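S.K.: As they sit in the full assembly, here are the leading chains:
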Amino acid sequence: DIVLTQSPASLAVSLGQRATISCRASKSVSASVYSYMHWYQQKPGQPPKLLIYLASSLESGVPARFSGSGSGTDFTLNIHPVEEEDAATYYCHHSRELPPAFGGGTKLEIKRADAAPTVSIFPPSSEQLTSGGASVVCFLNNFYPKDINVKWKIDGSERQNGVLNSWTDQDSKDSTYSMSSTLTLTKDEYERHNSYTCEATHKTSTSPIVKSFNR
């Protein structure tokens, strides 16, 4: 059939600039001067939505900053100017042949200045200690870029076991990143230790940010 390959796989464009994403088809989808293509935008946790049909046309209700062009086997998607709400995963679809297929996908992100994370660590609840478990959870919010590291230190000793890290997608309005780290340990390990330290290593800080508490 017709295989669609989009390049690149991920793109970061600053606000006010232009974002160009190409959809390359293995075979020509153009039939009778009218090419077969559809551009889809999909946000995380939502179904995709149509944007550009026939590669030359904008759908009613879709803002005018979204546009596309190209003929034959090479199509492009041009978004200018780029806005904070434009961050999402983009797709392309060919109706020319059967079976119809979808593109490999491209994730557009907003580029801006770097930001330092806000580190807050929460001791385990008394309800969890009743069941016999304990979880020391540490929150890191509003940091850019997404490259960051979290180090757990109990009583001055680093413990990498029992750590659950979860990263989010880029915030629409803030264009920042957020993550958490959960250190799970038994109540016996909770009563036999006092100091619980959460450290954050980010490109905006030469030294790790220390946020801790005492039992």
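M.R.: It's in. Residues are numbered from 1 along each chain as shown, chains lettered A, B, ... in the order given.

S.K.: mind checking how far the residue located most distally from the centre of chain A is from residue A:161?
M.R.: Relative to the mean C-alpha coordinate of chain A, counting by Cα atoms, centre = their mean, the farthest residue is residue A:32 (39.3 Å). From residue A:32 across to residue A:161, the span is 64 Å (Cβ to Cβ, to the nearest Å). C-beta here means a position set from N, CA and C on the backbone, and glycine is covered the same way.

S.K.: Am I right that residue A:166 is in a strand?
M.R.: Yes - if the criterion is DSSP: H, G, I helix; E, B strand; the rest coil, then residue A:166 is within a strand.

S.K.: so what's the nearest residue to it once chain neighbours are set aside bridging to?
M.R.: Among residues not flanking residue A:166 along the chain, residue A:180 sits closest, at 5.3 Å (Cβ to Cβ, 6 or more residues apart in numbering). Under DSSP bridges, the beta-bridge partners of residue A:180 are residue A:139, residue A:166.

S.K.: Centroid-nearest residue for chain A?
M.R.: Centre-nearest of chain A using Cα atoms, centre = their mean is residue A:169, 3.2 Å out.

S.K.: In this structure that one contacts residue A:42, no?
M.R.: No - using Cβ atoms under 8 Å, residue A:169 makes no contact with residue A:42, being 11.8 Å away.

S.K.: all helices of chain A, in order?
M.R.: For chain A, applying DSSP state H gives helices covering A:126-131, A:187-191.

S.K.: out of the ones you listed, which comes closest to residue A:49?
M.R.: helix A:126-131 (41.3 Å; Cβ to Cβ).

S.K.: CA atoms only for the closest one, dumped as PDB, please.
M.R.: Provided in PDB are the C-alpha atoms of helix A:126-131 (Å, rounded to 0.1, in the frame of the first residue of the first chain):
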ATOM      1  CA  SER A 126      -0.900   8.400  59.100                       C
ATOM      2  CA  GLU A 127      -3.500   6.200  57.300                       C
ATOM      3  CA  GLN A 128      -0.700   4.500  55.400                       C
ATOM      4  CA  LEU A 129       1.300   3.900  58.500                       C
ATOM      5  CA  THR A 130      -1.700   2.200  60.000                       C
ATOM      6  CA  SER A 131      -1.700  -0.400  57.200                       C
END
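
S.K.: Residues contacting it, please?
M.R.: Residues from elsewhere that reach helix A:126-131 (Cβ atoms under 8 Å, 6 or more residues apart in numbering): A:134-135, A:187, A:190.

S.K.: include chain B too:
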Amino acid sequence: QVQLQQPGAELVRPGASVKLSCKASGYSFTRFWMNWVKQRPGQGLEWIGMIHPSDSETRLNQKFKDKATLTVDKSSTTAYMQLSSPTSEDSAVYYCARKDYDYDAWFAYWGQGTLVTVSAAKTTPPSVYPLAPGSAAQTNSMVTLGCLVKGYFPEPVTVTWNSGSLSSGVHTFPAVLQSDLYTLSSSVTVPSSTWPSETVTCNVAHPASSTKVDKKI
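M.R.: Let me put chain B in with the others:
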């Protein structure tokens, strides 16, 4: 208003068989064709199969051939898709779309989505615990609170603050698989004036187990 409804999520063991429902409304069910789309996180979107509801004629992908079976109910205006022997690669979010034909055919409307997780584990109701700092150095004018949801299968789980009263400064973190059980956390950032005056509660609802847990912070 044309709308396509689907169940929230479905749990299945490897080698079993499930039947997914796609309910069409707002337009005649027999005048359009029903298509199915597979989305695995990080893989992107994939095409499954398309069925003509009038004659129940099916067109399936070679990858999904003999894996999927399509059938429709014209009296209930609802389309069905049967999946046989799902594997670990078959765990994904499934969609049903109405294909709108004007010359080139696009997809105008989509379903709510269904997350089918392939595992041998049994549904575990969530255990929700509040997270409060209990101490601080008074170095910040903002008060951050959190909520921990652990020991639940399968995903996802809806977590709101004060039954959705706070739509700002809230962050819902995705689940993490540990020891066959999913775990997520949540956070909310309110100013130092809101914390003593307003009560912050954690509203958690698990769609798979149909359970709701409320914990005050």
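
S.K.: In light of the added chain B, please revisit the nearest residue to residue A:166.
M.R.: If the residues on either side of it in the chain are set aside, residue A:166 comes closest to residue B:173, at 4.5 Å by Cβ to Cβ, 6 or more residues apart in numbering or on different chains.

S.K.: what separates the one you found from residue B:210, distance-wise?
M.R.: Separation of residue B:173 from residue B:210 (Cβ to Cβ) stands at 23 Å.

S.K.: Repeat that for residue A:199.
M.R.: Counting by Cβ to Cβ, the gap from residue A:199 to residue B:210 is 40 Å.

S.K.: Neighbour count: these two, which is higher?
M.R.: Counting neighbours by other Cβ atoms under 10 Å in any protein chain shown for residue A:199 and for residue B:210 shows that residue A:199 has the greater number, 20 against 10.

S.K.: from memory the more buried one sits against residue A:205, does it?
M.R.: No - the criterion here is Cβ under 8 Å, and residue A:199 misses it with residue A:205 at 10.1 Å.

S.K.: just how off-centre is stretch B:65-73 within its chain?
M.R.: Relative to its parent chain, stretch B:65-73 has a centroid offset of 22 Å by Cα atoms, centre = their mean, to the nearest Å.

S.K.: If residue 185 is in a bridge, with which residues?
M.R.: Just so you know, I chose chain A. Beta-bridge partners, per DSSP bridges, of residue A:185: residue A:134.

S.K.: wait, chain B
M.R.: residue B:148.

S.K.: From the recorded domain assignment, give the ranges for the chain.
M.R.: Reading this off chain A. Domain ranges of chain A: A:4-111, A:118-214, per curated CATH domains.

S.K.: switch to chain B, that's the one I care about
M.R.: Chain B breaks down by curated CATH domains into domains covering B:3-118, B:127-216.

S.K.: which residues does the nearest residue in space to residue A:79 that is not next to it in sequence contact?
M.R.: Excluding the flanking residues, the one nearest residue A:79 by Cβ to Cβ, 6+ apart is residue A:19, at 4.3 Å. The contact partners of residue A:19, by Cβ atoms under 8 Å, 6 or more residues apart in numbering or on different chains, come to A:11, A:13, A:77-80, A:82, A:86, A:108.

S.K.: between those residues, which is closest to chain B?
M.R.: Comparing the contacts of residue A:19 against chain B with Cβ to the nearest Cβ picks out residue A:108 as the nearest, at 14.1 Å.

S.K.: State the distance from that closest one to residue A:8.
M.R.: From residue A:108 to residue A:8 the distance is 10 Å (Cβ to Cβ).

S.K.: Please identify which of those two sits among more neighbours.
M.R.: Using other Cβ under 10 Å, the more surrounded residue of residue A:108 and residue A:8 is residue A:108, with 20 against 9.
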